[PDB]
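Visitor: Going down the list, the sequences are from chains E, L, C, P, X and A. As numbered in the entry's author numbering, residues 465 to 517, 520 to 522 make up the first sequence, in order. As numbered in the entry's author numbering, residues 2 to 32, 34 to 58 make up the second sequence, in order. As numbered in the entry's author numbering, residues 2 to 32, 34 to 404, 406, 410 to 415, 418 to 422, 447 to 517, 520 to 522 make up the third sequence, in order. Using the entry's author numbering, the first residue of the fourth sequence is number 291, and each one after it goes up by one. Using the entry's author numbering, the first residue of the fifth sequence is number 117, and each one after it goes up by one. As numbered in the entry's author numbering, residues 349 to 404, 406 to 407, 410 to 415, 418 to 423, 447 to 464 make up the sixth sequence, in order.
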Amino acid sequence: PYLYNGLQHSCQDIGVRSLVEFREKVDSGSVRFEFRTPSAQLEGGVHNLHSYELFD
Amino acid sequence: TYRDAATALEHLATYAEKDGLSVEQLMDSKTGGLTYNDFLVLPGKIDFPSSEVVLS
Amino acid sequence: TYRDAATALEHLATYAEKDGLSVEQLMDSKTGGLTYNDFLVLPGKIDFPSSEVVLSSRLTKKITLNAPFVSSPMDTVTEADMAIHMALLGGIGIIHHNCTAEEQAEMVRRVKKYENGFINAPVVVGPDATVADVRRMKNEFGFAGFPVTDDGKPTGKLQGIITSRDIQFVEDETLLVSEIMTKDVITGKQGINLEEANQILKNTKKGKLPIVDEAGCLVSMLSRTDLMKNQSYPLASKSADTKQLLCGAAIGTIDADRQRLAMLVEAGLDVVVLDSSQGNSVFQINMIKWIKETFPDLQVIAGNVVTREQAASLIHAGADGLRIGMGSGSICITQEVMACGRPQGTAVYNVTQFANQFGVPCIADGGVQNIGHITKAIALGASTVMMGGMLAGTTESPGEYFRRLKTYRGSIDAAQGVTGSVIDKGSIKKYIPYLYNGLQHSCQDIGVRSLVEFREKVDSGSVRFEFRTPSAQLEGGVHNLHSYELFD
Amino acid sequence: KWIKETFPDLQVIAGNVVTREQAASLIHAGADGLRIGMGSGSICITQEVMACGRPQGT
Amino acid sequence: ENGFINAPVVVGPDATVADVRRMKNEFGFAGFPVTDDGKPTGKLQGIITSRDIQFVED
Amino acid sequence: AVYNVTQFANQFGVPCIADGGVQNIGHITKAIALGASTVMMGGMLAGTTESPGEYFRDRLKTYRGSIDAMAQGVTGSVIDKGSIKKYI
Ligand SMILES: Nc1ncnc2c1ncn2[C@@H]1O[C@H](COP(=O)(O)OP(=O)(O)OP(=O)(O)O)[C@@H](O)[C@H]1O
Ligand SMILES: Nc1nc2c(ncn2[C@@H]2O[C@H](COP(=O)(O)OP(=O)(O)O)[C@@H](O)[C@H]2O)c(=O)[nH]1
Ligand SMILES: Nc1nc2c(ncn2[C@@H]2O[C@H](COP(=O)(O)OP(=O)(O)O)[C@@H](O)[C@H]2O)c(=O)[nH]1
Ligand SMILES: Nc1nc2c(ncn2[C@@H]2O[C@H](COP(=O)(O)OP(=O)(O)O)[C@@H](O)[C@H]2O)c(=O)[nH]1
Ligand SMILES: Nc1nc2c(ncn2[C@@H]2O[C@H](COP(=O)(O)OP(=O)(O)O)[C@@H](O)[C@H]2O)c(=O)[nH]1
Ligand SMILES: Nc1nc2c(ncn2[C@@H]2O[C@H](COP(=O)(O)O)[C@@H](O)[C@H]2O)c(=O)[nH]1
Ligand SMILES: Nc1nc2c(ncn2[C@@H]2O[C@H](COP(=O)(O)O)[C@@H](O)[C@H]2O)c(=O)[nH]1
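(1) Among the residues of its own chain, which have a CB less than 8 Å from the CB of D421/A, if the five just before and after it don't count?
(2) Hey, quick one: how far does the beta strand (DSSP E) through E498/E stretch, first residue to last?
(3) Taking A89/C as the reference, which of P51/C, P70/C, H99/C has the closest Cα?
(4) Listed from N- to C-terminal order along the chain, which residues in the segment 482-509 of chain E have their beta-carbon within a distance smaller than 7 Å of any beta-carbon of chain C?
(5) So if DSSP puts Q301/C in a beta bridge, which residue, or which two residues, is it bridged to?
(6) Closest by CA to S494/E, which one among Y3/L, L44/L, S58/L?
(7) For the alpha helix (DSSP H) containing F356/C, list its first residue and its last residue.
(8) Ignore the nearest five residues each way along the sequence and tell me which others in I460/C's own chain have a CB closer than 6 Å to its CB.
(9) Which residue spans inside the segment 50-100 of chain C form an unbroken alpha helix (DSSP H) run of at least 4?
(10) On the DSSP bridge assignment, give the partners of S278/C in chain order.
(11) Which residues of chain C have a Cβ atom closer than 7 Å to the Cβ of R167/X, listed in chain order?
(12) Give the DSSP bridge partners of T151/X, in chain order.
(13) Are the beta-carbon atoms belonging to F41/L and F486/E less than 8 Å from one another?
(14) Kindly list the residues whose CB is nearer than 8 Å to the CB of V480/C, restricted to its own chain and excluding five residues on each side of it in sequence; keep chain order.
(15) From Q301/C to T62/C, what distance separates their C-alpha atoms?
(16) Between the segment 376-393 of chain C and the segment 354-367 of chain C, do at least 3 Cβ pairs fall closer than 8 Å?
(17) Is it true that the CB of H318/C sits closer than 8 Å to the CB of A17/L?
(18) Do you know how far the Cα of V136/X is from the Cα of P129/X?
(19) For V113/C versus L393/C, is the C-beta spacing smaller than 8 Å?
(20) Given a threshold of 16 other Cβ atoms within 10 Å of its Cβ, counted over all protein chains shown, does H473/E qualify as buried or as exposed?
(21) Whole angstroms are fine: how far does the CA of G449/A sit from the CA of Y414/A?
(22) Is any non-hydrogen atom of ligand 3 found closer than 7 Å to the C-beta of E117/C, if you look at the structure I gave you?
(23) Mind pulling the chain C residues with CB within less than 8 Å of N512/E?
(24) Using 8 Å for Cβ pairs, my map puts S225/C next to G209/C. What's the rounded Cβ distance?
(25) Following a CB-centred definition, is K210/C positioned closer than 7 Å to any heavy atom of ligand 1?
(26) Compare the beta carbon distance of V275/C and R325/C with 8 Å and say whether it is the shorter of the two.
(27) I want to see whether chain L comes within less than 8 Å of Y466/E, judged by CB atoms only; does it?
(28) I want to see whether chain C comes within less than 8 Å of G35/L, judged by CB atoms only; does it?
(29) Going by the beta-carbon positions, is the gap between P75/C and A252/C smaller than 8 Å?
(30) So what's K412/C in DSSP terms, helix, strand or just coil?
(31) Which residues of chain P have a Cβ atom closer than 7 Å to the Cβ of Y516/C, listed in chain order?
(32) Name, going along the chain, the residues of the segment 313-344 of chain P whose beta-carbon falls closer than 7 Å to a beta-carbon of chain C.
(33) For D367/A, name the three-state secondary structure that DSSP assigns.
(34) Can the beta-carbon of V172/C be found less than 8 Å from the beta-carbon of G270/C?
(35) Find the residues of chain C that neighbour residue 63/L, judging by a C-beta separation of less than 8 Å, and give them in chain order.
(36) Please state the DSSP three-state secondary structure of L382/A.
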């Protein structure tokens, strides 16, 4: 249920109401992407912290 | 002088293509050989709750 | 044979374009997806000192700061203490909303009341109160200068004034205020303007100057220490009319936060930030339209956004500023959890290239840990930069120290984030001037006399950049050393 | 300029520079040599602190 | 911390505001009795303190 | 050392400082329990705001008969501790 709910929120952030709509919006060029430089992958996660302790 | 906020959406037209990459532009092999951590999906417009998303 | 040195500058002409890259050449996405550490700004020509650099920066269409520094709305960074000092030192703080609406408005209230010109509705006391009561009020409010009114109300008849030195060494805490208060109080007649009332205050060398009307009723008061706070902080961010420090606050976009905003507005809020991981939503658009016509004098910063299309939407809604960043923040996982986000450098450039055309300043939010990131964020189009982890661990940030570290947190505790810890950093009364001075020197190295000139020289192709290979990032920092031990 | 006409027999190395435009300026001033590098040094942080510098090879 | 400040730091009437500000930075306090000869045991002519020089522009 | 010096010194009303090896409250109690009249603190109080010097690896302050001071000692570093107005 956590992965399920998580995928729902991510589809919302992208602006698609369903995975079927997700597939159509990608093939039509509506959904957009960005290449990931090794430095941006560090930003996307945790960085610049002494320690860090998802669900439950 | 600046542009009128009323024209913000009208002004999006003056740009060649949408911000970001289409999936085609992201996956051509000659420009290549990437995995999940090498790209992000850009966000769109939200006009529905996350509980409304179908994952069929 | 060689060329004559006389022709060195003439020979620069024979080259197609200037050494390095323009910002356009640096940010095309097809050749892509880069962040602050992937590029440098090339130096220019220095013909001025670093003290000459102006760092005036637009926070919204109407608000300008003397420094482009904005403390982030997180319950481990920005409450009243942080917001007050960020404002005094040339920036502004955005108070967090991880608290009830009454608690957040009180925090705003304490920021707006820290420094005044005319203290409106000053805390008063009745003649029946005791020394024990006046001591309790000092512990609650932080000051002890209380005009004494006949009915105990701010607008009652002025009977006297009591201050720290009137109760300092009083042994009997049961005495009445009326017995030890100073009754012959020097005042100024209402209608007197600020410059005139400041002069009366100065000449008496007294702490306060209550303002009274013709009936003898209190209306406002002046404090000698507000004249001191001004002299100590000549760059403070404060309203020109009221002389109070500018204060900001974050809210959600659900129904309950419409009443929340009203209570913040009541408390004197100057700018509101719409706190959202993905701001281009119908819920936030409606909020922006509703704030422009319900509190038109309030400046609205929408966000977060990372794309040109998002910016167009929220600008068209009437946004006065944009907050840029999605997942680039320290202790932020939206990109791992939602697969959705953007490299911060690329987000700033492509939003600000669009937003600046409409005169909508943008906050570069997330991923900032040092002076170089600030410089680069502005170089790409940002007008200010938001700081979270950098300022967490300072003395002004809210919390208690404890493997010196402070716990740092939008996680399940507050999942699109994590809980963590940052190191102690001392007071921002030293740290902010350091970033300020540091940005001045970097503007000198680049050859720009101001951030406004910085923005023009980038867009014209004057300022140049260079792509950063993973190997050059190691050169730019420390390398090839056994150990290494900034400021202080 | 002041060293070339006050101690003409003294050789002057100017720097540091990392761009063609910088070099042209200091050569036009009469430099006899150029010192190249900004932030590429061991224990050097100008690039982190000033955001300004350049990869050394380039 | 004192009870009776033995030999308190004094100032002469010839000293200026600029001088009293320098002394505040050196010694850390601005409460100066003013003596006719500038010596601690001179005749008392007055006293000057933080509030007497705080907002003086000359 | 504390016990055997103080067992003799206290008989003459000569208070003794228990000097060295103190890092927490428990050492202070034990020092006094064995005969000491006061306790001297070095590393404990280094790294506080009132202690002299400046901060700077891996909030630390350099500490310390060391060759630098002048070898019967070493040079080191201690952690920041805040003000003794709370610590004492
Ligand atoms: N505006 C005033 N008119 C007349 N008497 C005043 C006025 N303000 C203060 N006093 C009197 O002067 C003394 C306090 O002056 P002030 O209020 O200027 O000192 P404070 O407020 O005690 O600050 P500090 O802590 O530096 O003394 C008290 O005895 C008070 O009654
Ligand atoms: N009572 C009071 N007067 C102030 C305050 N701040 C500025 N002033 C007055 O406003 C005038 C100009 O102040 P200035 O330093 O030039 O600019 P400002 O700090 O932005 O207001 C001066 O006469 C000040 O006495 C304040 O906080 N309280
Ligand atoms: N006395 C008083 N000060 C206030 C009030 N509201 C805000 N302040 C501010 O709190 C500060 C008080 O400083 P100070 O006068 O030195 O404290 P006090 O001597 O005990 O009154 C001033 O900057 C005031 O502008 C109020 O209602 N009463
Ligand atoms: N002027 C001045 N008087 C003091 C000082 N310390 C104590 N006194 C006075 O000496 C008397 C006794 O003070 P007390 O409370 O017993 O503390 P103690 O004197 O320090 O032991 C009181 O009248 C105090 O006001 C001081 O440092 N300066
Ligand atoms: N004013 C003054 N204070 C002294 C002197 N020597 C020691 N002190 C101590 O310094 C402190 C100064 O008090 P403070 O309230 O700072 O006075 P001010 O700043 O000069 O108004 C007091 O505890 C004094 O006993 C001196 O020579 N002049
Ligand atoms: N994706 C995500 N971003 C957050 C969260 N909390 C704060 N942020 C962003 O991260 C910024 C601070 O990041 P920092 O400056 O520490 O790198 C904040 O100003 C805010 O924009 C969260 O829970 N999830
Ligand atoms: N940015 C910067 N460069 C320095 C500093 N000190 C020395 N350098 C440069 O670094 C060079 C030595 O670097 P190394 O050869 O150890 O890699 C020096 O010759 C000088 O050019 C400094 O404090 N800041």
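Where a beta carbon is used, it is the ideal one built from N, C-alpha and C, also for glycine.
Guide: Quick answer:
(1) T451
(2) Unbroken beta strand (DSSP E) run through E498/E: 497-499.
(3) Nearest option by C-alpha distance: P70/C.
(4) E498, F499, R500, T501, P502, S503, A504, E507, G508, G509
(5) Paired residue(s): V273/C.
(6) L44/L
(7) 346-357
(8) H87, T396, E398
(9) 82-90
(10) The partner list for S278/C (beta bridge, DSSP) is empty, contrary to what the question assumes.
(11) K207
(12) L160/X
(13) Cβ atoms of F41/L and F486/E: not closer than 8 Å.
(14) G46, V55, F486, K489, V495
(15) 7 Å
(16) Counting Cβ pairs under 8 Å, three or more are found: they touch.
(17) Taking 8 Å as the Cβ cut-off, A17/L and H318/C do not qualify as a contacting pair.
(18) Each residue's alpha carbon lies about 11 Å from the other.
(19) no
(20) buried
(21) 10 Å
(22) yes
(23) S332, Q371, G391
(24) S225/C to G209/C, Cβ: 7 Å. Contact.
(25) yes
(26) yes
(27) It does not: the Cβ of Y466/E has no partner Cβ on chain L nearer than 8 Å.
(28) No, its Cβ sits nowhere closer than 8 Å to a Cβ of chain C.
(29) yes
(30) Of the three classes helix, strand and coil, the one that applies to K412/C here is strand, per DSSP.
(31) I333
(32) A314, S315, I317, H318, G320, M328, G329, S330, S332, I333, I335, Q337, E338, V339, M340, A341, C342, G343, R344
(33) strand
(34) no
(35) Only positions 2 to 58 of chain L appear in the structure, and residue 63/L is not among them; the question remains open.
(36) coil
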